[PDB]
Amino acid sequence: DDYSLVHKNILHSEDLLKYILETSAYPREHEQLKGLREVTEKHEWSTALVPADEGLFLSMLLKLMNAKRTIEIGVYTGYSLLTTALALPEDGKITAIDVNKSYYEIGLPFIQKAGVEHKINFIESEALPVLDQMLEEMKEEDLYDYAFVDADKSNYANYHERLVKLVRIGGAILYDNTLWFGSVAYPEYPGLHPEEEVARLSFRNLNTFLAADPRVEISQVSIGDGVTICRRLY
């Protein structure tokens, strides 16, 4: 491993995190989500995997807002993507974007056996070109209800400017890792990989920008590695 923060928790002990997962997450986790998580935990990049308790939170948000059309930026093996597909109705639709389809192929068998692959349109590409072509093509009747952003960390602010125009008014945009293992809380943080430090500063700037952005109402939630929920106002 080259990164420095992968094992740091934002809760005060591993025992508390394990209590949550063992008591409230794992018993509610779909069988195909469990299988996808177990394979992914063996992968070299398992650090980026969305945790099980955050997954149930994302699923709860989708259902309470009755989302039907979503976009997912940053798929990896597809844990949050499968979570989103399982939450949506039978005729829901998802646009999933990732640069590395081979990651998606790892979790695709579990997605298929869950019987929800028909809801997914997977696009193997960088997100910004796809988002720009979406804005050139999108009609007002096609705007998304929900957007989950979990890709290139230093590019969140760029995704934001596109997504505030691609989600409906009252729709939700969620940014993953906005607390970045807790390292955002200080002006400086020693011992980090160079691109770990770029992400840290990018999130510090992003969090300040989102709090002042009048186009949205926000809520930063200390779940997982930190999730910031945005709701488009106009």
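Start at 1 with the first residue shown and count on from there.
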*Please work out which of 120-128 and 133-141 has the higher mean CA B-factor as recorded in the PDB entry.*
133-141
*Averaging the C-alpha B factors as listed in the entry, name the stretch that ends up higher: 154-162 or 80-88.*
154-162
*Highest CA temperature factor in the entry: which of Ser59, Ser46, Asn177, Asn207?*
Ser46
*Among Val39, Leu64, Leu33, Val50, which residue carries the highest C-alpha B-factor recorded in the PDB entry?*
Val39
*For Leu192, does the deposited CA B-factor place it in the lowest, middle or highest third of the chain?*
highest
*Ranked against its chain, the third holding the CA B-factor of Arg69*: highest
*Should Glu217 be placed in the lowest, middle or highest third of its chain by the C-alpha B factor in the entry?*
highest
